[PDB]
Structures are given as C-alpha cells and as structure tokens.
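One chain comes next, on its own, written as structure tokens: the form deposited in one PDB entry.
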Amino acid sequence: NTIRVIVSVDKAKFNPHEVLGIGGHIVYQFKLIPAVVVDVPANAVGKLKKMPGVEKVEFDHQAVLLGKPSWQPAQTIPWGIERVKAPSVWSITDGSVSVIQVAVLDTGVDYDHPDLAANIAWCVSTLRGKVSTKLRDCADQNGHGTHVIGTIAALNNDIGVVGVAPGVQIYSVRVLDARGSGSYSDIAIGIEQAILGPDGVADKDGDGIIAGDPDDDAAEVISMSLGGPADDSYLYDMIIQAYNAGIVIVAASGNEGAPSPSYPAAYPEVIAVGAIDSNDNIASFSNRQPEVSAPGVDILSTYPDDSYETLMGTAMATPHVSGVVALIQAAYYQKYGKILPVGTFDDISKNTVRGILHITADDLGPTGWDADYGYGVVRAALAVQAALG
C-alpha cells in the first residue's frame, strides 16, 4: 500500500536511489519545476522527509469537475455564445491563427466528434502520473471535457453547436478520470504538458519566448473547469511556470456558493470565472469573488459519443472566457505578429489580455468589480476591438 506524494527537492542533494531504498519509486520527474511525484509506503514518509535534498513532502490532493448535466441536427448557436458576443468577431477571426492553441485540462475529449475533430490538434493524458499520447487514453469517459471543449471550439458549420472561437486549435489534456475526479499531481503534470506541447520541449529554439512563438508548440491558454480546496506549493509553482511562459490561465470559481474561489482559480495569476444565467443573474452556486463571469446555466455543447448535451456550472462559464482569450490573442497576432502579455487581476488597461477583459466586461450589479460578477460578463467583440485599438 504505497501512497503518492509530491516532493520539492534540491537537485544537488536529493538522491532518488534513497527513495527506491525505502520501497518507493519515482512516478514522474517534473521538467519545469524541481519536484518529483513519488509512490512510497505511508509508514515510510517519516523517512523521506528526513532525506537529504527533501525540502517538502506534500500529499496528493483532489480536485473535481465543476459542471453537471442539467435536468436539432442543423446548427444551433447556444445562448451563451451570443451573450458573450462572439459571432460578431468571426469576420475578424474565428481563432484559426496557426500559432494559437488552447489547452483544456479536463476529462479528455471525444476526439472524433464531427463537430470538434478538425480543431483537435493534440489529444494527451496524464492520469496516474503517466504521460500518454495514446488515443484510448485521451478519450473522454465522463463527457464534461467534451462539453467544455465544445463551448470553446465547436465548429461553425451546418451541425450541432458552435464555439466562441470555432476555428481555434485545441489541446485536450486529460487530468480528470471517468468520475470527473483528479489528483493535483496529475493536474500539475497536465499544466506542464500544456507548456511542453507535442514536442516535449518548452522553448525549443531557446529565445525565451514560449507562448506566441511560432517556432514552438506551447499553448497560449490553459483552461481548468475544475477545482479543489487545497493550496499546494508545487501546484502554484507550476501555475507560475505557465504564467511566466506567457500563457493565460483561466479556471472555474467553483460551485458551493462559497465566498471565494476554489484552487487554482483563487491564485492571482489565474482568472477565476463565475457563472451567470440567461437573465444576467449570478447563479447561486457560483463561488464569490471571481475575476470575470460568463454563461454557466443551461449551456448546450458537444458531448460523447458524437452527441450534444446541456450542462451547468462554473465549469461551463470558464470556456466562454477561454474562448474570448483565444479570440484576443488570435486577432492581436493576426494584426501584429505578436501576442499580448497576460496581465494581472488589477489590470485596467488595454495593453494586457486581462486588462482588456476587465475594461470591456459588461458591468452588472454594483458599479465596478463586485463579488458576484467580478469585473463583469466577458464581451468578445468589445475585447477584440480594444485589442486592435
């Protein structure tokens, strides 16, 4: 009965052979942070902590999906896509700018869904600490991933639905199992994979440009429709690698009606996303103090197997924002041959992605940022306009 823990280490002194020596093993060595996921006897963690080079031993917490199913063959435009004013942007860009990819860390994807396939660029899985690019492993066993993905990127054609950014390339990174449950360790490995991309190297040409570099295959957005209450240092360390790579990170605020967002949404470097309904009210389940809000009730999208389904949750709101991000970056790159900086929470200018989102958002409720809606409901068209402005 080994348990899985995540060790933060000093690479000069940590000796993995010591871990094998007490009956453990290394499951995954992070490429971008100094840490290793290890399996070891519970009764032997006492020892691990004492080994040379072991700075911290964190247990493997759990996060869960933040969407649930709610209780025409020709294409429907789901109401939320219209709410966030995406279709008007498509004349400028549908997100099909070659350097732009959106990584969706979720339950996997129905990679061959006729309304998604053309936009699935890379389908990968990190479950149990093993990185697999086998399609069987990257397929969705829950449906939630396929639905989230569809809200970002379902194709604009004569069937099904249509995403916020219906031409954007998607990386499906499976970090959640069939029940929508995920280990923090897998989720961290998944954020790492979104950075590394298909070629396995963060900055291949070593110019210090990752996101926005056409010579690399890093994602530009990481979208996490999932959350947990634990705040673990190695996971935050990974979020910072991604942020430092120029990648915009977006995550669901959570659904317990709690006064603040779950993790990773609650990190400063992450855009926490709250849920509204078709009446512009905040849903009661929506965790407070989000950064922005978006449609998250009665959301129709793609679902396995080659089907459609209506779900609800902050998980559903999240992809609407990620899709807006993808339109911003795509239109800005299309015009300027570069992307914009990610920005911070406080940001109120047009020179960062986050500043654009905050200043163009539809400010419902009490004037300015407020604990229900954040800065407001994201608006694609106005955002792209500020971007190109």
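The first residue of the shown sequence is 1; numbering continues from there.
Of the two stretches examined, 281-289 and 249-257, the record assigns the greater average C-alpha temperature factor to 281-289. Of the two stretches examined, 72-80 and 223-231, the record assigns the greater average C-alpha temperature factor to 72-80.
In this entry, the residue among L196, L127, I92, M316 with the greatest C-alpha B factor is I92. Out of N43, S322, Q29, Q329, the entry records its largest CA B-factor for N43. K204 sits in the middle third of its chain by CA B factor, as recorded in the PDB entry. The entry lists a Cα temperature factor for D305 that places it in the highest third of the chain's modelled residues.
The deposited CA B-factor of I33 belongs to the lowest third of values across its chain. When the modelled residues of the chain are ordered by their C-alpha B factor, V131 lands in the middle third. The entry lists a Cα temperature factor for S88 that places it in the highest third of the chain's modelled residues.
If you look for the form deposited with a partner chain bound, you will not find it shown, but the lines that follow are about it.
When the partner chain is considered in the deposited complex, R174 lies well away from it, no heavy atom lying within 4.5 Å.
Residue contact with the partner chain in the deposited complex: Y111 places no heavy atom within 4.5 Å of it. The shortest heavy atom separation between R136 and the partner chain in the deposited complex exceeds 4.5 Å.
In the deposited complex, at least one heavy atom of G200 sits within 4.5 Å of the partner chain.
Although the partner is absent from the chain shown here, none of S322, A361 and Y373 has a heavy atom within 4.5 Å of the partner chain in the deposited complex.
Exactly one listed residue, out of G160, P166, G313, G80, brings a non-hydrogen atom to within 4.5 Å of the partner chain in the deposited complex: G313. Among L226, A219, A153, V248, the residue placing a heavy atom within 4.5 Å of the partner chain in the deposited complex is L226. You can rule out all but one of 114-122, 231-239, 91-99, 72-80: in the deposited complex, only 231-239 has residues with a heavy atom within 4.5 Å of the partner chain.
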